[PDB]
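Coordinates as given in my_file-v1.json (JSON, N, CA and C atoms):
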[["chain", "number", "residue", "atom", "x", "y", "z"],
["I", 1, "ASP", "N", -47.14, -80.86, -40.27],
["I", 1, "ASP", "CA", -48.31, -81.65, -39.79],
["I", 1, "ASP", "C", -47.86, -82.60, -38.67],
["I", 2, "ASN", "N", -46.95, -83.49, -38.97],
["I", 2, "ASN", "CA", -46.47, -84.44, -37.93],
["I", 2, "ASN", "C", -45.23, -83.86, -37.25],
["I", 3, "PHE", "N", -45.13, -82.56, -37.18],
["I", 3, "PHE", "CA", -43.90, -81.96, -36.50],
["I", 3, "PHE", "C", -44.02, -82.06, -34.97],
["I", 4, "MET", "N", -45.21, -82.18, -34.42],
["I", 4, "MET", "CA", -45.33, -82.29, -32.95],
["I", 4, "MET", "C", -44.98, -83.71, -32.52],
["I", 5, "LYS", "N", -45.29, -84.68, -33.34],
["I", 5, "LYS", "CA", -44.95, -86.09, -32.95],
["I", 5, "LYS", "C", -43.49, -86.10, -32.52],
["I", 6, "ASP", "N", -42.66, -85.33, -33.18],
["I", 6, "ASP", "CA", -41.24, -85.29, -32.78],
["I", 6, "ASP", "C", -41.15, -84.56, -31.44],
["I", 7, "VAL", "N", -41.87, -83.47, -31.26],
["I", 7, "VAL", "CA", -41.80, -82.78, -29.97],
["I", 7, "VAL", "C", -42.46, -83.64, -28.92],
["I", 8, "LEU", "N", -43.67, -84.10, -29.11],
["I", 8, "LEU", "CA", -44.28, -84.95, -28.05],
["I", 8, "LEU", "C", -43.27, -86.02, -27.68],
["I", 9, "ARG", "N", -42.45, -86.36, -28.62],
["I", 9, "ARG", "CA", -41.39, -87.35, -28.41],
["I", 9, "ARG", "C", -40.26, -86.67, -27.63],
["I", 10, "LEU", "N", -39.79, -85.57, -28.15],
["I", 10, "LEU", "CA", -38.72, -84.77, -27.48],
["I", 10, "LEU", "C", -39.24, -84.30, -26.13],
["I", 11, "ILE", "N", -40.52, -84.15, -26.07],
["I", 11, "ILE", "CA", -41.20, -83.66, -24.87],
["I", 11, "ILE", "C", -41.07, -84.69, -23.76],
["I", 12, "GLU", "N", -41.39, -85.91, -24.05],
["I", 12, "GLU", "CA", -41.28, -86.96, -23.01],
["I", 12, "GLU", "C", -39.91, -86.80, -22.36],
["I", 13, "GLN", "N", -38.98, -86.25, -23.09],
["I", 13, "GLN", "CA", -37.64, -86.02, -22.56],
["I", 13, "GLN", "C", -37.65, -84.73, -21.73],
["I", 14, "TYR", "N", -38.21, -83.68, -22.28],
["I", 14, "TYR", "CA", -38.24, -82.36, -21.59],
["I", 14, "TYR", "C", -39.32, -82.25, -20.53],
["I", 15, "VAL", "N", -40.55, -82.49, -20.88],
["I", 15, "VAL", "CA", -41.61, -82.30, -19.89],
["I", 15, "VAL", "C", -41.52, -83.39, -18.83],
["I", 16, "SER", "N", -41.01, -84.53, -19.17],
["I", 16, "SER", "CA", -40.84, -85.58, -18.13],
["I", 16, "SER", "C", -39.76, -85.15, -17.11],
["I", 17, "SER", "N", -38.84, -84.25, -17.44],
["I", 17, "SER", "CA", -37.82, -83.86, -16.43],
["I", 17, "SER", "C", -38.46, -82.92, -15.41],
["I", 18, "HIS", "N", -39.32, -82.06, -15.88],
["I", 18, "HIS", "CA", -40.02, -81.12, -14.95],
["I", 18, "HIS", "C", -41.35, -81.75, -14.54],
["I", 19, "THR", "N", -41.33, -82.99, -14.12],
["I", 19, "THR", "CA", -42.62, -83.66, -13.71],
["I", 19, "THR", "C", -42.28, -84.85, -12.81],
["I", 20, "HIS", "N", -42.44, -84.68, -11.52],
["I", 20, "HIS", "CA", -42.13, -85.80, -10.58],
["I", 20, "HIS", "C", -43.41, -86.22, -9.85],
["I", 21, "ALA", "N", -44.54, -85.78, -10.32],
["I", 21, "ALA", "CA", -45.83, -86.17, -9.63],
["I", 21, "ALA", "C", -46.90, -86.44, -10.69],
["I", 22, "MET", "N", -47.03, -87.67, -11.11],
["I", 22, "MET", "CA", -48.06, -88.00, -12.15],
["I", 22, "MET", "C", -49.05, -89.02, -11.58],
["I", 23, "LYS", "N", -49.11, -89.14, -10.28],
["I", 23, "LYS", "CA", -50.06, -90.11, -9.66],
["I", 23, "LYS", "C", -49.84, -91.49, -10.27]]
I need this file expressed as structure tokens, please.
Amino acid sequence: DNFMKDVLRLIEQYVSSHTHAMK
């Protein structure tokens, strides 16, 4: 159930690396 909270967390690490344009 709360397994994505860890990814959304891990994500800020991963998806934030492939993201240099967030306005």
Atom N of residue 6 of chain I to atom C of residue 23 of chain I, distance in Å rounded to a single decimal: 24.8 Å
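Here atom N of residue 19 of chain I and atom CA of residue 7 of chain I stand 15.9 Å from one another.
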For a test of reading the model, state the distance in Å between atom C of residue 4 of chain I and atom CA of residue 22 of chain I, rounded to one decimal. 21.0 Å
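Selecting helix (DSSP H, G or I) from the backbone DSSP output for chain I yields residues 3, 4, 5, 6, 7, 8, 9, 10, 11, 12, 13 and 14 of chain I.
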